[PDB]
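First the structure, in the form of structure tokens, and then the observations on it.
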Amino acid sequence: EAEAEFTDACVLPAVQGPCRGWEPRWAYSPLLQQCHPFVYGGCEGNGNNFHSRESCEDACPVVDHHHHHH
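Residue numbers (the entry's author numbering): 1 to 70.
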């Protein structure tokens, strides 16, 4: 896959939650191999919730593809 192959929260899609307030957060997308902003709800959600572009890529960074995988 990517070099990140262990399913960390960053590999997991993000969620808003049952709330109705809209809190901007950042989430990593392995399908985009990058982080993007998203609408979050400030209540229950998944762990793929970052404070910035920075913190998100810092959690799941890109490195040169020293393919340990196929």
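Even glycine gets a Cβ: it sits at the ideal position worked out from N, Cα and C.
According to the DSSP assignment, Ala59 belongs to the alpha helix (DSSP H) that extends over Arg53 to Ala59. By the CB criterion at 8 Å, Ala9 and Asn46 fall inside the cutoff.
Under DSSP, the beta-bridge partners assigned to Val39 are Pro24.
Rounded to whole angstroms, the separation of the alpha carbons of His70 and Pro18 is 40 Å. The alpha carbon of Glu44 has as its nearest neighbour, out of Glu54, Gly21, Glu5 and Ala4, the alpha carbon of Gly21.
Ranking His65, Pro37 and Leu31 by CA distance to the CA of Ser55 puts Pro37 first.
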